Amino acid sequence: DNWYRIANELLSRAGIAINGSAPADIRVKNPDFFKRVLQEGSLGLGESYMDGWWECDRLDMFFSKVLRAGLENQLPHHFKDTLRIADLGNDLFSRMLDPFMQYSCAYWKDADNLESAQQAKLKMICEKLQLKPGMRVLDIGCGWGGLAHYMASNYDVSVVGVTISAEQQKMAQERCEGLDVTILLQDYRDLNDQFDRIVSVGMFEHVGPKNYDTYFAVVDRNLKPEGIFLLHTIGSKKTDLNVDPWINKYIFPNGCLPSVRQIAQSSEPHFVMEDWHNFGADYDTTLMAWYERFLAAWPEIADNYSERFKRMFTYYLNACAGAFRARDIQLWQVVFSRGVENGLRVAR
């Protein structure tokens, strides 16, 4: 029928065979799949995967090929238009993540394993910030405190971490016992202080573009005159509502990715853009590393989760990995100041 023909034609442009044996080919168990995916888009693709309607040996390769070929765009117009109009626990993360609990992109320039890659990413953040003894650093969105831990331990600085999760506060406090670290449980927008440095990892994606102006105004209010601010965030290559329906429903309900233009426009009145680093391809490597470790760990946590959860989490990790491999989404570290005299040679 037409649904099968359309789907087969789109997938062949990406080099994907229906019911083939290659790693990125798909095997379809419920023939309603083709109609569902064409009518429901991203949500139907992921929900049908969770429902067991299809299988794929290398979903990461599937999504990389699909996105490289731009099939979400080659879709017939009357499908696209209709679409446009429209939990995780510490038993899992402690096993999937590295010892610093970095649920964020690692830096694989010179590392061959997740743990080393995360230390290199943490070290790079600290070196870009040009930390000196006695400085006070604000970490907006501190999570479990790995970054505060790393930087207080290795540099002679005070750290104030800010989080929204009462659980993360406690684990961060425990992790940083013995260090000059304070973890606050509050809204970052209420901060009225003065820090030598500010760093933010993986919370800007949840701010929403309507609030970017406020975000940079809050950072400006809290940054000392000669201070430096490092922003670490996933990024979109396009300026719009960058929200994937499936990710939004199952993983990140407040997630919306910024574009370069949006960050530039909102930060312009506050800061000079000193350096912009894109290592999105490293997030592919990071996500596949987490996927590997998630699989190894699955026997120990299976009872606290379900098989449907496993399929959902597998789809999440591999689709995102493919989106980064296809260079569809980006990973940025942006260094900002007010124009420090003599400039910055920003570390790599």
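Numbering starts at 1 and runs along the sequence shown.
- The entry models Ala86 and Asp87 with a gap of 10 or more deposited residues left without coordinates.
- The PDB entry reports B-factors from which the mean C-alpha value can be compared for 261 to 269 and 109 to 117; the larger average falls on 109 to 117.
- Stretches 151 to 159 and 271 to 279 differ in mean CA B factor, with 151 to 159 having the higher one.
- For the set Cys126, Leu92, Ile198, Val201, the maximum C-alpha B-factor listed in the entry falls on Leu92.
- As recorded in the entry, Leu185 carries the highest CA temperature factor of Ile228, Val218, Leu185, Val137.
- When the CA B factors of the chain's modelled residues are split into thirds, the value for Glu292 lands in the middle one.
- In this PDB entry, the Cα temperature factor of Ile234 sits in the bottom third of its chain's modelled residues, the lowest group.
- Placement of the Cα temperature factor of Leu97 within the chain: middle third of the modelled residues, per the deposited record.
- Annotation for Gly41: CA B-factor lies in the middle third of the chain's modelled residues.
- Annotation for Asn30: CA B-factor lies in the middle third of the chain's modelled residues.
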